[PDB]
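Chains as they are written, first to last, in full-length UniProt numbering: chain W, 826 to 876; chain U, 775 to 876; chain X, 364 to 517; chain B, 313 to 466; chain V, 313 to 363; chain F, 467 to 517. These notes concern the structure reproduced below.
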Amino acid sequence: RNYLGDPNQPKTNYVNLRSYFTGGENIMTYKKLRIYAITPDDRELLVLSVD
Amino acid sequence: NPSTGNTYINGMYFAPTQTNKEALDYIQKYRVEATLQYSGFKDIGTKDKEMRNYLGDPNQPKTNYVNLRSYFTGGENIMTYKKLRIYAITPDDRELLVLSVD
Amino acid sequence: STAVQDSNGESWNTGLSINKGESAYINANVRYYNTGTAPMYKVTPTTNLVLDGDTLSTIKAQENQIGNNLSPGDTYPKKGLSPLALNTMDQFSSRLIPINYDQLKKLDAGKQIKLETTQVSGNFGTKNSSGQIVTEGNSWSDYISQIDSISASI
Amino acid sequence: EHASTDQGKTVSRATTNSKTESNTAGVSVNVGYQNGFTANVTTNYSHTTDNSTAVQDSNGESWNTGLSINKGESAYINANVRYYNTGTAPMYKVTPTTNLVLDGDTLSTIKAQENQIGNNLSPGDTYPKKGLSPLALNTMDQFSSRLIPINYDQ
Amino acid sequence: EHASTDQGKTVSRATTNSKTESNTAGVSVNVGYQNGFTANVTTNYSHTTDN
Amino acid sequence: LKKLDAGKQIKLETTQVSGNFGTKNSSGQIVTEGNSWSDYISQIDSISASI
């Protein structure tokens with residue numbers, strides 16, 4: 826998606842958390858969050874950590 | 775119903791999980807026995823599934839959805855907290871009880 | 364009296380239109396094979412697309428879907444390639460294959476579309492007054508009926 | 313048919329600032345009897361000034377469903393057909409012409425196109441062969457690019 | 313011909329909060345006769361505030 | 467289209483090629499029309515070894 830929703834900004838990686846395998850439940854702020862980036866080699870790296 | 779807090783049923787979603795993608799694709803044609811408002815507990819038919827977005831969220835995937843408003847009621851409402859039975863029918867015409875309410 | 368009112372709002376609309384005559388387009392990935400004794404040149408099959416008992420379409424292959432060579436035991440596209448797309452209905456490959464609203468509802472209920480080849484067109488190779496192979500005008504359909512009438516199939 | 317489903321959502325906010333200025337003037341005349349005859353005349357005048365302010369916050373939502381209908385082409389028809397041969401000789405490149413009749417009205421006469429031609433048809437055989445599904449006759453023009461329409465009354 | 317049939321349904325909700333401040337000031341002059349000649353002068357001022 | 471902007475690539479595969487070869491007619495002229503290579507692909511590939 827466009828960065829921040831600004832139509833002038835370029836398109837960039839966007840992790841739509843509303844499309845993941847929640848049960849419709851909300852994702853909590855200021856709690857433990859982990860986002861792994863998976864390479865075409867199926868090697869995954871921790872690119873964002875919240876606790 | 776804002777007049778009296780009865781909460782009739784319109785349909786039933788079945789959630790997409792990380793493990794049931796194959797078993798849900800396998801099932802078509804649910805069969806339902808429900809409790810209608812003015813009639814009693816009865817068989818109300820066997821329609822195919824519907825595959826709507828989960829909960830109506832456009833971001834969620836499409837999943838099995840039993841549209842109870844399309845079954846063989848007489849336009850009567852389906853009652854909550856009463857006897858409800860939903861059978862999943864396999865392509866072998868083998869049916870299994872997948873949801874029970876009483 | 365005197366009053367001055369200052370307002371500002373904002374709205375959000377989402378729409379969705381649906382055609383009940385052509386609610387979806389279908390695309391079949393197919394593959395030909397030859398289990399006979401002779402090759403077929405310019406392979407042009409005709410196929411039914413069936414949902415329940417309803418034949419949705421019968422489509423004779425167009426230029427995009429014709430296989431030039433097909434030897435006995437071979438396959439077009441060859442083994443190791445991907446299937447070819449059969450996604451147009453008219454003679455010039457300019458119109459897609461439509462389905463209804465009810466047929467689309469049957470497709471997401473889990474029902475499968477079946478492909479049935481009803482006939483195949485193709486040419487054989489002869490020699491003209493020179494040592495040259497010619498396949499144009501040498502239709503196999505001129506001999507299918509005659510071969511099948513005096514033979515036994517094993 | 314063409315079916316629509318629109319839904320909207322509005323949010324507004326208005327602020328008013330008023331200011332009124334009123335003046336009054338009156339005369340009251342009293343005559344009476346109270347241990348003797350009395351009389352009064354009152355003359356009053358007043359001035360009021362008020363300042364108001366209001367803030368209104370609104371939000372609504374809407375739901376629209378539509379349905380458009382063409383009365384000239386209200387539906388398309390698709391006939392599943394099958395040929396047969398009860399003669400003594402085969403026919404090659406079978407191209408039939410068929411009427412489609414509702415009451416006494418012939419809706420269309422369609423000569424088969426490339427999609428609907430049978431290559432071989434021997435005596436006692438059938439195209440498509442026995443065990444296959446019927447073929448779809450669902451186009452009207454020469455290049456299989458136009459569907460077969462009917463009216464609203466049909 | 314092309315024939316249409318649209319039907320809609322709206323639901324709205326508005327909330328207003330007002331606040332007024334009024335001031336008044338007047339003079340009333342009275343002259344009369346009641347077992348003799350009389351006279352009065354009244355001077356009033358008021359302040360209202362409503363929400 | 468959603469797969470294309472997720473970074474997935476479209477692959478091209480040539481499944482066959484049509485083309486003509488040049489002969490000489492009753493004159494010294496080269497003619498290529500009607501001289502299809504597909505008439506010889508199947509026959510060449512059946513009696514040969516590919517290196």
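All C-beta atoms in this analysis are idealised placements derived from N, C-alpha and C, irrespective of residue type, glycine included.
Residue contact check for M825 (chain U) against chain X: a CB pair falls below 8 Å. Under the three-state reduction of DSSP output, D318 (chain V) falls in the coil class, being neither helix nor strand.
Within chain X, no C-beta atom comes less than 7 Å from the C-beta of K423 (chain B); the nearest is roughly 14 Å away. In the three-state reduction of the DSSP assignment, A797 (chain U) falls in the helix class, which pools H, G and I. Taking 8 Å as the Cβ-Cβ cut-off, the stretch 438-467 of chain X approaches chain F at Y439, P440, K441, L444, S445 and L447, given in chain order. Taken atom to atom, the span from the alpha-carbon of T854 (chain U) to that of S316 (chain V) is near 38 Å. For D415 (chain X), not one C-beta of chain U is nearer than 8 Å to its own C-beta. The straight-line gap separating the alpha-carbon atoms of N397 (chain X) and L433 (chain X) is approximately 7 Å. The beta carbon of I783 (chain U) sits closer than 7 Å to those of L842, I852 and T854, all from its chain and outside the five residues before and after it, given in chain order. Within the same chain, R859 and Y861 come within 7 Å of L871 (chain U) by CB-CB distance, once the 5 residues on both sides are set aside. DSSP lists no beta-bridge partner residue for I513 (chain F). Distance from the Cα of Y404 (chain B) is smallest, within the candidate group X:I496, X:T410, X:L414 and X:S508, for X:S508. One alpha carbon belongs to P835 (chain W), the other to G473 (chain F), and they sit about 16 Å apart. Under the three-pair Cβ rule at 8 Å, the stretch 335-354 of chain V does not count as touching the stretch 382-399 of chain B. Taking a contact to require three or more Cβ pairs closer than 8 Å, the stretch 404-423 of chain X and the stretch 463-478 of chain X qualify as touching. Under the 8 Å criterion on CB atoms, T350 (chain B) is classed as interfacial with respect to chain V.
Contacts with chain X at 8 Å (Cβ-Cβ) do not include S514 (chain F). Excluding residues up to 5 positions away in sequence, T407 lie with their Cβ nearer than 6 Å to the Cβ of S484 (chain X) in the same chain. With respect to chain B, the C-beta atom of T355 (chain V) has no partner C-beta closer than 8 Å. For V323 (chain B), the chain X residues whose C-beta falls within less than 7 Å of its own C-beta are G372 and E373, listed in chain order. Residue pairing by DSSP puts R805 (chain U) in a beta bridge opposite U:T820 and U:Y861.
Short of 6 Å from the beta carbon of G819 (chain U), and not among the five residues preceding or following it, lie these beta carbons of its own chain, in chain order: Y845 and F846. Within chain X, no C-beta atom comes less than 9 Å from the C-beta of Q811 (chain U); the nearest is roughly 28 Å away. Minimum Cα-Cα distance from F455 (chain X) among the listed residues B:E426, B:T336 and B:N390 corresponds to B:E426.
Not a single C-beta of chain V is nearer than 8 Å to the C-beta of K331 (chain B).
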